[PDB]
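Asks: Based on what follows, work out the 3D shape:
(7 chains)
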Amino acid sequence: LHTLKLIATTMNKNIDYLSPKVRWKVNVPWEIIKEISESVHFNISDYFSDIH
Amino acid sequence: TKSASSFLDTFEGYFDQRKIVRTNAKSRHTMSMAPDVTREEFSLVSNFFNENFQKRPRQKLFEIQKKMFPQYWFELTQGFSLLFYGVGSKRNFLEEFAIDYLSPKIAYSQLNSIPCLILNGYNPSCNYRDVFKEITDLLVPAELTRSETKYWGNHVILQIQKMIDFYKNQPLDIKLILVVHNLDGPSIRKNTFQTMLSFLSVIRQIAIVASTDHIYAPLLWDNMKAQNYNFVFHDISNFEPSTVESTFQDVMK
Amino acid sequence: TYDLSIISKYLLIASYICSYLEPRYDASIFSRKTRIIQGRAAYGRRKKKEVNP
Amino acid sequence: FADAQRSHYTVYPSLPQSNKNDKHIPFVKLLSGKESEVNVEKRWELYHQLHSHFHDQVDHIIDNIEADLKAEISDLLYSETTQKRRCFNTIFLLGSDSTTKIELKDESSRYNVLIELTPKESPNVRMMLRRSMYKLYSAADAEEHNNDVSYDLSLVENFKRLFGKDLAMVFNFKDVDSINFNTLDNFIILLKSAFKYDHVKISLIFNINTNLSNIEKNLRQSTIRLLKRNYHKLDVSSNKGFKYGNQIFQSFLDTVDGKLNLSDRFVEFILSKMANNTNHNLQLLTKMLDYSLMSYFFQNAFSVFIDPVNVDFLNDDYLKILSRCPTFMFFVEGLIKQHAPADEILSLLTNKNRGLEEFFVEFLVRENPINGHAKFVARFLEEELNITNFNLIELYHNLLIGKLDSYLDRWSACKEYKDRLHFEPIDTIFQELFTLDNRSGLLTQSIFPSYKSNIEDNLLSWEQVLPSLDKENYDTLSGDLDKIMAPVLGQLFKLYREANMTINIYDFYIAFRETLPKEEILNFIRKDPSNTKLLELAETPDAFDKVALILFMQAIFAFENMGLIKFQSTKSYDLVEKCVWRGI
Amino acid sequence: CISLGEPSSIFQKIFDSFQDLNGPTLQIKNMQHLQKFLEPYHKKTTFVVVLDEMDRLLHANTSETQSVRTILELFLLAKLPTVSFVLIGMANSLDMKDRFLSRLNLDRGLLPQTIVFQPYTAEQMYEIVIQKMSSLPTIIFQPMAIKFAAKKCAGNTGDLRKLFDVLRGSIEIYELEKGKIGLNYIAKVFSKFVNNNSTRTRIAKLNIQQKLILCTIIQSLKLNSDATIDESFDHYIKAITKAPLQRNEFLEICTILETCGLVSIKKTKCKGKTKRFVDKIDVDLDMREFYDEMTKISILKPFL
DNA sequence: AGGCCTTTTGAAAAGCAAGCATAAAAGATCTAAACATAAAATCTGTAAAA
DNA sequence: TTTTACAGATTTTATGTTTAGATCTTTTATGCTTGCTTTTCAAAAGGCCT
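Replies: Numbering: from 1, shown residues only, chains lettered A, B, ... in the order given. Now the structure:
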């Protein structure tokens, strides 16, 4: 997933993955996560129900 | 006693022990009040306790796992790479396995011995260009021609790719045993070194015998690195005192 | 949608969850197993913030 | 010494000249050291015959997917035109890993070049252009059998008057999900101006390892409407259309046809581990089947009896081993419970060796075709029924279990054929020495191990790795220490597990200091005969703390480069943070 | 070790022994290719080279990478046959001595002996240089002046080449009259570099407009560290606002304070918000004696 | 005379939120090493004329 | 027979090009501390019941 640029991180140039100072983040939007959670049938709409 | 945790270590042990502790319940104690020592008292009691605390059970354990060696030679000669994870130093295991056992058995079976390239990957001064210089005189492959080199490409990766397509038309005998100590060490966990060492393991004519130390190690390898390694994993955790490598790291007060 | 594995799809979902949820409010949403020791779970957020993170 | 201070010291191991034995194969003496050496040699040669017969078919399938793919791509790369004539052909290779060679046809009075491009070969637009025109001028001036030009699209402008041939360049972006699309659509815009030169034909080939809704979300819309002129898609993945899983698992049965059997648990473990990985499955199929074969011939002595010439070397220990199979126990319980002949079961129970020695050789003429009938179900679903979405591994799993009719009614297309596609097989006695299997957790422990869980288990419990002894305590240096004192780095983890998220290193030192014996180590520390420095610190009235901080700091700076401890607050390094939890 | 710069040309220059045909190709890779050349074909003989100014070579590669690496590489004394190929090290001033690492300090070769060579009692040294004579003296240098010279030199580090350019200057200023005169040079070059902190400060300033501006720069330091000459001139029309004056007069009268050797005006980075160059102001001497210099001027007391 | 059990219930534990600090991301600017080209001095190998 | 002397090859010197990795500065991000507050729970206050 990190190779396919779906989860990603603070891109320092040639970062080490095995450090306790390199943190990760997703860079896919909501509109594909809803289709994914529809595919595996995971109720994710009620995970962000307490915000709007 | 000093942890009020309802759960212990699972995902709920993660969620439970990550609470918020107040300013008066905290214990701000500096380690200055720990009784200070010299460097030589540490250097003495260290090397005493290395070989005089559990020495005979650890030698018993090494003799227990020392009759596992023909399976390691079988797995190496059938194409796999080896990966020895575990608690403690795996250094003397690979120094007593690859030098002593392995290359005499490989050299006899195809009838000097089989060259063993040890690689101290716990040393942070581990460039891959001089390591590949050390590979290209133990094998001495062909040079990169003008048509096969590219516009400002990497010559090491192109040379390994040329060696990969060369060694598909060859007899399958081990020509080198590449012994990597601490494969996830501080200068070898980077990406182009792993691209090098993953493309070297594609060649059947070199047996990779690696070792890891960090616990999040297997995420250094994706579906392309973990496929070109085709590791087989062997937990040989033998509780070694690990004092060859700690002279590199900071033992600062 | 995506030609991925099951654990990679759930890894994408879990990384989507933890990088939009505040880290303090997860022991109210996921902690489900019976205690043996005296402990308290996370209460959760009182007021729903409508800024849509 | 000082040789473990320099990286990459090569070492030639010297060797004794000869020992003059047969120790040229790793196969050890099985049956607790009672096997013959000629049987071990025959076992090695038999395993090599089986492994060679398997991999000579695996290599033909693997080198046939390339001859299928080069045949596939090079048909929708050519033989079609568009009326606009100012567009580039575009082929989206979905799910493909960048591992394919592309062949371009003759098409004389026209060059055809292939320009492979990479996320390392593309840090911006000008390096893409210089590499592309460099590859163009190289593969144009070396395919001809003299001046220096600038590497930009002017060479594309005057390619007709430099060489005399029309240009047809086929670009090839290797990891399209790994290039900047901001650089890629800039390159597509920079290529779009080549349309006006009347002798070019640009074709774009995208090797995408994700879906197409993630490429046309990141590109700009004008480039997408330019790419919607002559685009084609092509699903290149060895999980779509199960033809290459129905040729690797089919060919594995052609080596074990009658000699070996597969278990239920083994095939469902194959299906569970082939479904948790999508990018490469033709390799995770073979490196599970070969490691299943390798753990068989290394373990099962009775593999020497899978050839019908070695039937006469049934020693006494083989008759001991085969007698304690539970299927044979079920057969002997059958011979008791239905009728009562005495002096035949009294023979074959423990006394008669000849009856049991000749009885087993009848049990090898039997075939009972599982893999001999499954090819008929495959040919029926492919040729007569025309259904090409079935999995031979899962069909074989249900055929091995027996609920094959549910899997055949999973389609609801062959309702008139559920008798023709039916087969109820039974077990043959002595399967359970002749079955590839996983009930010990061997293919799990050494191909897909729970890595972090094994590290934490060896750190916490540690008695499953270190022995306990009862004789070697007085000739040693620490005999009473292995029983009353846990090993440091394995004792500190017991306090690391039940600590908080922020661990004060002084409290983490005091909790380690009062879990050590005091009145034992102050006696133990004076044992050394050679040195004199270790005993004077015991003459110091604070020996226990000064020996406790050494072990504690050694264990802490040993955990830290293992990954369990993060020293937060640099220039203090006093409050560590627990960053690995057990069981996750 | 002069024409090396990089760790690249260490071994070719010492190869003028027998002026062989080899030397360029086989030697410069490896220690075993120089272990190949340690055995002597032409008898035991002798050939010990002294590489001079060796700290100048190891000052490259910016952490350890190929220079400190070469110093931990070329001090190996591993094999000791009958071969005379020792090499004593010629290290320079104590710039990076006290920076070490365990590879440099753990039992390999010629490490654990270092000596400070500071020539205390250099009076007797001068007496040896003059008594080793080829030109007979009549009136010798007075040893009171010799001991005063040896006192007023060895406080910094004890340089002897520094002291050798002092008595030569003393007899050179003796020849400008055509221990009584071998003292005004040091009392001349100490006072010349020092000049006067406050006595000549206002003396040279004599002009009040060349006096209160230095106070303007003193007031332009404890508000801002980017003291632009504009900021030295916006401070100027926040003090005298109580014949005009343009900026050119201020920036040319600042050249007098530049000419004497107090102020530094040059272009620096000018951090701020934008990073283009502008003029700066800086002062050097500590505000102790200059604060006593204002005790005579009654107008530079309210500006402090 | 006794255990239980449900409404009520302190109350200490989670939550919230302004106030300074300090790590950390992002990018500008720089630099060193790998990578490539090339003209002129220099090395050398084959007949070079004695 | 050496010593020269043209040809060619290899070295030297010098600058061009691309990739990979370092320092330092600015701007946002995260965690720590202090007072107040809102939940859940566990001891309990007390009525029901054997």
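Asks: Tally up the residues packed near the residue of chain B found nearest DNA strand F, please.
Replies: Per C-beta to the nearest atom of the strand, residue B:155 is where chain B lies closest to DNA strand F, at 3.5 Å. For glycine as for every other residue, the C-beta is placed from the backbone atoms N, C-alpha and C. Applying other C-beta atoms under 10 Å in any protein chain shown, we find 14 residues neighbouring residue B:155.
Asks: gap between it and chain A?
Replies: From residue B:155 over to chain A the distance is 18 Å, taken as C-beta to the nearest C-beta, to the nearest Å.
Asks: which residues touch that residue?
Replies: If you count contacts by C-beta atoms under 8 Å, 6 or more residues apart in numbering or on different chains, residue B:155 has them with B:144, B:149.
Asks: Give the burial count for residue 34, as a bare number.
Replies: Since you didn't name a chain, this refers to chain A. Neighbour count of residue A:34, defined by other C-beta under 10 Å: 13.
Asks: My question was about chain C, not that one.
Replies: 4.
Asks: Same check on the one 10 residues further on?
Replies: Each residue near residue C:44 was counted by other C-beta under 10 Å, and the total is 12.
Asks: what's near enough to touch it?
Replies: Here residue C:44 is in contact with C:25, C:28-29 (C-beta under 8 Å, 6+ apart).
Asks: Same list as before, those residues that is, but in JSON lines and with secondary structure included.
Replies: Formatted as JSON lines, the entries for these read as follows, by DSSP: H, G, I helix; E, B strand; the rest coil:
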{"residue": "C:25", "secondary structure": "coil"}
{"residue": "C:28", "secondary structure": "coil"}
{"residue": "C:29", "secondary structure": "coil"}
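Asks: For the residues you listed, give me a markdown table that also has distance to residue E:97 and neighbour count.
Replies: Listed next are those as a markdown table, based on distance: C-beta to C-beta, whole Å; neighbours: other C-beta atoms under 10 Å in any protein chain shown:
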| residue | distance to residue E:97 | neighbour count |
| --- | --- | --- |
| C:25 | 57 | 14 |
| C:28 | 61 | 13 |
| C:29 | 61 | 14 |
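Asks: Adding distance to residue D:48, write those residues out as JSON lines.
Replies: Below are the contacts of residue C:44 laid out as JSON lines (distance: C-beta to C-beta, whole Å):
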{"residue": "C:25", "distance to residue D:48": "60"}
{"residue": "C:28", "distance to residue D:48": "60"}
{"residue": "C:29", "distance to residue D:48": "56"}
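Asks: Report the entries of those residues that also contact chain A.
Replies: Counting by C-beta under 8 Å from any C-beta of the partner chain, residue C:29 from those sit close to chain A.
Asks: Excluding sequence neighbours, find me the nearest residue to the most centrally placed residue in chain C.
Replies: The residue lying closest to the centre of chain C (C-alpha atoms, centre = their mean) is residue C:26, at 4.4 Å. Of all residues not flanking residue C:26 in the chain, residue B:15 sits nearest, at 5.8 Å (C-beta to C-beta, 6 or more residues apart in numbering or on different chains).
Asks: right, and that neighbour touches residue C:30 too?
Replies: Yes - taking C-beta atoms under 8 Å as the definition, residue B:15 is a contact partner of residue C:30 at 6.8 Å.
Asks: ok, the two, which is more surrounded?
Replies: Set residue B:15 next to residue C:30 and count neighbours by other C-beta under 10 Å: residue B:15 wins out with 21 against 13.
Asks: The host helix or strand of residue D:493 close to chain A?
Replies: Here residue D:493, judged by DSSP states H and E, is contained in helix D:492-497. No - judged by C-beta under 8 Å from any C-beta, helix D:492-497 stays clear of chain A, getting no closer than 14.8 Å.
Asks: Quick one: residues in contact with that helix.
Replies: By C-beta under 8 Å, 6+ apart, the residues outside helix D:492-497 that reach it are B:8-9, D:456, D:459-460, D:486, D:503, D:508, D:511-512, D:515, D:552, D:555-556, D:559, D:564-565, D:578, D:582.
Asks: if we can go back for a sec, of the contacts of residue C:44, just say which sits nearest to residue B:138.
Replies: Using C-beta to C-beta, residue C:29 comes nearest to residue B:138 of these, at 56.8 Å.
Asks: residues in contact with the closest one?
Replies: The contact partners of residue C:29, by C-beta under 8 Å, 6+ apart, come to A:47, C:21, C:44.
Asks: Could you give the number of residues near the first one?
Replies: Counted with other C-beta under 10 Å, the neighbours of residue A:47 add up to 16.
Asks: Enumerate the residues of chain D near chain C.
Replies: So chain D meets chain C at D:94-95, D:210-211, D:213, D:237, D:239, D:275-278 (C-beta under 8 Å from any C-beta).
Asks: Now secondary structure, neighbour count and distance to residue B:126 too, for the residues you listed, in CSV please.
Replies: Shown next, in CSV, are those (DSSP: H, G, I helix; E, B strand; the rest coil; neighbours: other C-beta atoms under 10 Å in any protein chain shown; distance: C-beta to C-beta, whole Å):
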residue, secondary structure, neighbour count, distance to residue B:126
D:94, strand, 19, 39
D:95, coil, 19, 36
D:210, coil, 19, 34
D:211, coil, 18, 39
D:213, helix, 12, 42
D:237, coil, 17, 37
D:239, coil, 18, 38
D:275, coil, 14, 38
D:276, coil, 12, 33
D:277, coil, 18, 31
D:278, coil, 19, 34
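Asks: Please identify the helix or strand for residue E:165.
Replies: helix E:160-174.
Asks: quick check: angle from the next helix or strand after that helix to helix E:160-174?
Replies: Using DSSP H and E, the next helix or strand after helix E:160-174 towards the C-terminus is helix E:186-194. With axes from the mean of the first three to the mean of the last three C-alpha atoms, to 10 degrees defining the directions, helix E:186-194 sits at 110 degrees from helix E:160-174.
Asks: Might you report the residue contacts of whatever residue of the stretch 201-350 of chain D ends up closest to chain E?
Replies: Nearest residue of the stretch 201-350 of chain D to chain E (C-beta to the nearest C-beta) works out as residue D:220 at 32.8 Å. By C-beta under 8 Å, 6+ apart, the contact list for residue D:220 reads residue D:185.
Asks: Residue D:92 falls within a strand, correct?
Replies: Yes - counting by three-state DSSP, one finds residue D:92 located in a strand.
Asks: What count of nearby residues applies to it?
Replies: 21.
Asks: Same question for residue D:191.
Replies: Residues near residue D:191, counting by other C-beta under 10 Å: 21.
Asks: Up against DNA strand G, what does the stretch 51-200 of chain D have?
Replies: D:120-121, D:123, D:127, D:130 (C-beta under 7 Å from any atom of the strand).
Asks: same thing but 6 Å
Replies: Residues of the stretch 51-200 of chain D found near DNA strand G (C-beta under 6 Å from any atom of the strand) are D:123, D:127, D:130.
Asks: hmm, back to that, and the residue nearest to residue C:26, backbone torsions?
Replies: Main-chain dihedrals, residue B:15, degrees, to the nearest 10: phi -70, psi -20.
Asks: dump the residue contacts of it.
Replies: B:7, C:26-27, C:30-31, C:42.
Asks: again with residue D:548
Replies: D:509, D:512-513, D:516.
Asks: which among those gets closest to chain A?
Replies: With C-beta to the nearest C-beta as the yardstick, the closest approach to chain A among the contacts of residue D:548 comes from residue D:509, at 21.0 Å.
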